[PDB]
Amino acid sequence: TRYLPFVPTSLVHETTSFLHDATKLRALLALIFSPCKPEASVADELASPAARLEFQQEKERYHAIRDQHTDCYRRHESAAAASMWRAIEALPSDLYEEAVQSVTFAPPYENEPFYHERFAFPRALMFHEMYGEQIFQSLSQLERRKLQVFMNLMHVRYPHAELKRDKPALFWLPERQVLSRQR
Amino acid sequence: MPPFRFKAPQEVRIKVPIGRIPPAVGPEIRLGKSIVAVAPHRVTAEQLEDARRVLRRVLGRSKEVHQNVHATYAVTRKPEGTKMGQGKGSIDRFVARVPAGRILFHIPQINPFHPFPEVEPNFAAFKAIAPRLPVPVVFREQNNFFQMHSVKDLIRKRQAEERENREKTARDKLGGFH
Amino acid sequence: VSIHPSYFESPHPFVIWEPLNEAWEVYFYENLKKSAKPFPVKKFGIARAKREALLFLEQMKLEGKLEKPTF
Amino acid sequence: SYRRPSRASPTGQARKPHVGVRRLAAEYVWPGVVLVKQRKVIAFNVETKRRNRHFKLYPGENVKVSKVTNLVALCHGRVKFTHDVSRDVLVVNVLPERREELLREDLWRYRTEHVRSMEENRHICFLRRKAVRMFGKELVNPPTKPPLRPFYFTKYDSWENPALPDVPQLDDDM
Amino acid sequence: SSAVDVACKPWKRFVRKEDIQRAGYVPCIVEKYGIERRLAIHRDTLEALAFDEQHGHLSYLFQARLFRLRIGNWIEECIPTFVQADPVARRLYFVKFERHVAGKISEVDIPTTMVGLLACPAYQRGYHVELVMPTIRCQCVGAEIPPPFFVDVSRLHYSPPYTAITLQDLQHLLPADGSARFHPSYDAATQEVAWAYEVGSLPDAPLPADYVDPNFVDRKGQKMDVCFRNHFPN
Amino acid sequence: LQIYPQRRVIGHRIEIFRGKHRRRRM
Amino acid sequence: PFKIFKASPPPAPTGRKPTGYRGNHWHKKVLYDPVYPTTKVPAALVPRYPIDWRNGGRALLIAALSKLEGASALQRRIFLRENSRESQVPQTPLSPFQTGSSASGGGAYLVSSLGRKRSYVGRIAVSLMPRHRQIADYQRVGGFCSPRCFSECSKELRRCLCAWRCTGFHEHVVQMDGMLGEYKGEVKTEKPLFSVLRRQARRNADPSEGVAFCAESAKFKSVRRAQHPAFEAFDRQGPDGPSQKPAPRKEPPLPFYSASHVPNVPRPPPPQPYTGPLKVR
RNA sequence: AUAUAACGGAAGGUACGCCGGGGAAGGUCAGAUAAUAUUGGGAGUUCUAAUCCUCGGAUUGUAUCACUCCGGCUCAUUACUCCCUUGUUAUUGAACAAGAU
RNA sequence: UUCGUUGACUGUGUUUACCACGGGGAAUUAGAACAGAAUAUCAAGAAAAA
RNA sequence: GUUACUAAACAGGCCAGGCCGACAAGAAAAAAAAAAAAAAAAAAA
Ligand code: FES
């Protein structure tokens with residue numbers, strides 16, 4: 001037979017309860033639309049003239065300095081791209097096909113019933129893995145709370161990240177059993 | 001690429017105009033023996049099947065025969081219980097629209113008797129089926145035997161050389177000339 | 001057909017070979033504007049199209065229509 | 001039991017489409033003249049059809065597209081046709097000119113020609129055009145009499161009646 | 001090898017194809033690598049070469065020979081490239097030759113010949129031996145054209161499901177100077193020139209997708225409109 | 001659908017003249 | 001498991017206005033054809049499932065994740081992508097003012113934004129992700145480092161650290177990795193596109209020749225055999241001459257007769273443009 | 001707003017009938033079909049042609065089926081070696097007799 | 001952008017493609033003018049020495 | 001200069017006569033990405 005992808009409620013019980021709980025839904029919505037101050041009447045102000053003047057000054061300074069700083073990186077990147085394209089053009093026609101395939105290349109999938117190995121990104125090369133301990137030790141209290149909440153919502157979104165790896169067969173069911181289910 | 005037994009084209013059950021039979025683009029050439037239509041006509045499926053059965057029976061199980069054309073073109077006829085003018089009639093038979101010069105059947109076995117040019121081809125099955133086809137026919141045999149490989153030419157040259165030698169000896173023996 | 005490559009060489013800047021239409025185009029100036037008349041091979045033949053283009057060039061030269069308008 | 005089609009006699013379609021060009025090359029036209037009649041309805045297996053109706057023409061210089069996709073003129077001029085090799089379609093253009101005698105020596109300007117792009121089509125229209133509006137030209141035997149009368153009065157009026165007086169021609173440059 | 005010298009006379013300045021035909025000749029046009037030259041060739045002489053088999057129609061050797069036509073003081077070395085001949089009768093209507101020049105590729109379908117079928121073990125055992133490819137495409141650049149390729153079947157034994165003689169076997173027949181070769185598109189190891197198999201044992205295959213039903217072709221050379229219907233089984 | 005003009009002739013070249021068949025200017 | 005006999009998903013039903021039932025609205029012409037205008041499908045008639053946790057709650061979770069990461073990270077990623085696609089050659093440094101003399105712009109994004117009068121509010125609106133495809137794309141490449149780490153971080157639980165503290169030299173690392181890791185070949189789609197197509201690298205003319213050493217002459221010589229010069233030219237440059245016979249049949253002659261001379265359609269379609277790589281000058 | 005979708009906008013019988021006007025057993029065609037042979041097949045102890053049945057194609061032909069004002073009696077005319085009668089001694093699966101083509 | 005808006009306007013001018021006529025109505029022009037009201041979109045921003 | 005109109009037969013068949021005050025008119029603007037992977041939300045603006 002032929003199977004179709006599916007995710008049954010039992011294997012994702014956590015997120016369903018998370019989204020069906022009223023209080024958790026309210027908290028998630030407040031996080032999304034934070035702050036929750038009113039914006040309808042004319043008398044609704046969440047700041048003050050002086051406060052937002054100081055904020056504007058700081059923001060302008062930050063943007064000016066960031067643009068002054070990153071411009072050298074941008075120029076270097078432009079030169080590097082020029083060199084890369086020049087090299088690709090210099091390559092012979094035999095090697096052209098391989099030289100344009102991007103890291104994640106893989107031959108097309110066959111539904112049967114220069115590519116030596118699959119692409120795998122070393123997890124030790126991820127920025128947050130390389131510098132996780134230093135950044136964590138340098139975080140603030142609010143940033144730590146933010147990291148905690150980000151973790152918890154990531155887990156809620158993906159309760160089965162490891163389960164899919166372990167038992168991928170649980171997420172594929174036949175057409176004659178999948179198409180016959182109401183929404 | 002290997003040998004295969006291709007399935008026959010199917011019968012098209014779609015009403016179509018009587019039309020005309022277009023001419024052949026050119027000569028149709030196939031090695032072996034061929035029975036080739038000489039005038040245009042439409043040959044019925046029953047006629048083609050009868051010819052195939054007769055050819056198989058005559059040639060034997062060990063020999064293979066290829067039916068080159070197939071009856072796929074529908075032809076209609078009215079039932080006797082219908083009045084005139086009430087549309088086209090129901091499909092009645094299927095035909096192959098054979099033009100002149102189209103091969104009906106052929107056997108791809110090449111003649112083995114290259115060194116026996118006086119033994120002209122065996123057209124027994126073709127003769128058996130020809131008087132029953134609604135088309136005049138011609139029997140052909142092409143084996144890719146070219147005159148450059150003819151053995152009769154060598155035979156003739158040898159005979160001529162032998163004759164010349166014989167006359168030379170006779171003249172020398174009688175001794176009437178230097 | 002078989003043709004020498006020198007056929008497509010033009011002897012004057014105002015005579016051009018246009019290969020999309022396979023025609024000899026002759027440029028000239030009329031009524032303070034630039035125009036081009038084509039001479040097709042499909043019309044005149046291989047050699048005659050070029051010959052007629054050259055004759056038209058000479059005619060325009062006599063008429064004085066090869067001169068650049070000035071404002 | 002034969003099902004007689006609805007379009008059998010006497011209830012067949014009275015008026016046929018008549019899809020295609022309605023003005024030939026070198027013909028003189030003015031704004032509003034329908035150069036090509038076309039329809040919006042399209043067949044369900046067009047790419048397999050062979051009749052010339054199904055394959056529409058394309059507007060070019062001084063030509064508009066109508067609601068039903070008719071190609072209509074937008075300026076006083078003479079019709080020209082072009083063949084687009086890239087798209088393999090026919091393109092209808094109008095070279096702007098004032099009314100005057102159509103001479104044998106000027107017929108080459110309205111030949112159907114092959115182009116690869118609409119930019120080249122515009123270039124060819126400029127090159128074959130007779131003159132520009134801002135400079136004009138010396139008209140060769142231009143008409144001098146009033147136009148033909150309205151159709152509802154007479155369908156068979158006479159062109160350039162010598163008995164009628166000369167009237168100024170002040171509409172064919174627009 | 002198979003080159004033929006022939007004598008021709010002019011196709012004059014107001015005669016037509018039909019006139020030359022009724023005069024007992026065949027009209028021919030030699031072209032490519034020079035001017036287009038018209039001529040007429042005695043029909044008996046030309047049809048002897050075209051239909052050189054007593055019971056056979058147009059011979060594959062005709063479009064593969066090197067003709068050496070002689071007209072006036074000129075000699076045209078060419079090959080027949082277009083032949084209009086009667087479908088039924090052994091009649092030549094019109095011929096178009098293309099010149100052959102040493103140095104430029106000529107695409108010639110050189111025929112194959114099996115004269116030694118009586119020495120074939122498979123044939124003697126009662127199995128069917130077939131010459132699958134009447135001609136082999138070749139690119140010829142030499143001053144001469146290769147003669148027909150002799151396919152030797154004296155060592156062709158039968159083993160199920162079939163035995164085949166392929167192009168790599170014949171590869172040794174090409175000229176030693178490299179003036180001719182098989183078409184590069186040919187896969188010599190899998191292109192089969194001859195088969196030996198048993199009747200009635202072949203596996204079933206579907207009709208090729210490139211099949212065009214000859215019963216639904218109009219007089220213009222186009223498919224009938226019914227061929228595009230959704231219900232057209234072929 | 002298009003009617004294609006006949007090019008080769010069967011007999012003599014066609015010639016058109018004004019009026020019905022009669023004795024006329026020669 | 002990973003290997004499975006996958007079923008081809010049924011096509012999604014594109015809606016239609018309840019009109020024009022007797023006409024073929026699915027011609028294969030390209031928007032916006034002057035003579036073959038395409039019928040629009042109103043967004044209110046496209047069939048869409050009712051909103052549940054599978055399509056709504058997931059969007060809410062991804063939106064909360066984006067809120068935690070900060071819309072500034074998304075804005076920066078979009079800006080970096082847009083500037084990279086347009087600054088692939090050395091530019092002169094650009095200041096945003098005629099007299100600043102000290103301030104630098106930070107990319108040709110400045111030139112593009114000035115030329116298009118792009119909406120400062122519009123960039124924020126885009127970064128706030130009001131659309132289903134935008135949220136779906138953030139769920140897949142939402143990571144700040146995506147140009148170098150692709151979708152590998154799509155499920156990482158410490159991913160927000162990149163958004164919070166990936167700046168300066170680390171941003172430069174991300175860009176330099178992405179430039180080498182990105183695709184540079186021909187894109188093959190039949191769907192409409194309206195933006196500047198991504199670059200496709202030009203291909204060099206000559207191929208590489210294999211050479212092996214020969215001690216008989218103490219020199220390197222080509223591996224391939226000699227062949228006639230005409231055959232070499234045919235193999236290298238192509239068929240030669242303006243006309244040649246078609247390719248010889250590679251299959252055994254069919255036993256049945258078929259009208260192979262007949263073209264596929266009475267009126268062939270127009271020629272297709274060459275979408276492949278161009279040559280190098 | 002309105003009915004015109006018959007979309008330039010719905011009772012029947014007459015063999016009691018009447019008036020005006022106009023007329024379908026042929027002539028023609030040849031699908032089945034008839035005659036003659038012929039091809040393939042099946043019968044005939046054995047045997048394709050003593051003889052019988054059937055199929056396809058061919059030529060010829062119109063018994064049956066698909067342009068007027070039934071049957072019998074009386075009188076008939078013409079074609080077909082045709083139902084009996086002829087070819088001693090065609091062929092025969094012809095002893096003879098009675099028969100068959 | 002998650003962007004406006006209601007020209008899906010009020011009138012003067014008998015000229016125009018098609019053509020039995022009618023329904024300029026398989027669905028033609030800026031009749032390029034004129035008298036009102038409305039909606040959207042401006043342009044410019046040049047010059048960085050030794 | 002210039003080749004285009006054109007479905008007659010109780011011929012071989014088609015018909016749903018309808019939608020929209022606007023993500024359906026619509027200024028400006030924007031708009032659909034090879035292979036593979038992740039996700040199993042029918043998703044370009
Ligand atoms: S988001 Fe992947 S390493 Fe930073």
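Computation of the quantities below employed the complete heavy-atom set of this structure, encompassing side-chain atoms and omitting hydrogens, waters and symmetry-equivalent molecules. Each chain gets a letter, A, B and so on, in the order its sequence line appears, and its residues count up from 1.
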Please measure how far the [atom1] atom in [N] lies from the corresponding atom in [M], and state the result in whole Å.
| N | M | atom1 | value |
| --- | --- | --- | --- |
| H/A63 | H/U68 | P | 24 Å |
| J/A45 | J/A29 | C1' | 10 Å |
| H/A5 | H/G9 | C1' | 11 Å |
| J/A8 | J/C19 | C1' | 38 Å |
| J/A24 | J/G18 | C1' | 15 Å |
| H/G40 | H/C82 | P | 29 Å |

Taking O4'-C1'-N9-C4 for purines and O4'-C1'-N1-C2 for pyrimidines, is H/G56 syn (within 90° of 0) or anti? anti

I want to verify the glycosidic state of J/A42; is it syn or anti under the 90° rule?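 Chi for J/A42 falls in the syn range.
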
Pair D/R128 + D/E113: basic N to acidic O under 4.0 Å: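 A salt bridge is present here (some side-chain N lies under 4.0 Å from a carboxylate O).
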
Salt-bridge contact B/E46-B/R93 (side-chain N to carboxylate O under 4.0 Å): no

For [X], answer base if it contacts any base atom (sugar-phosphate contacts may also be present), sugar-phosphate if it contacts only those atoms, and nothing otherwise; contact means non-hydrogen atoms under 4.0 Å.
| X | answer |
| --- | --- |
| B/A51 | nothing |
| G/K117 | base |
| B/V135 | nothing |
| A/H160 | sugar-phosphate |
| B/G85 | sugar-phosphate |
| G/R133 | sugar-phosphate |
| D/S9 | sugar-phosphate |

Closest to the G/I62 side chain: J/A39, J/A24, J/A41? J/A41

Minimum-distance pair of heavy atoms, taken over all atoms of G/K155 and A/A161: CD-CB, 3.8 Å

Find out whether the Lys NZ or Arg CZ of A/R183 is both under 6.0 angstrom from the six-membered ring centre of G/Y49 and within 45° of the ring's axis. yes

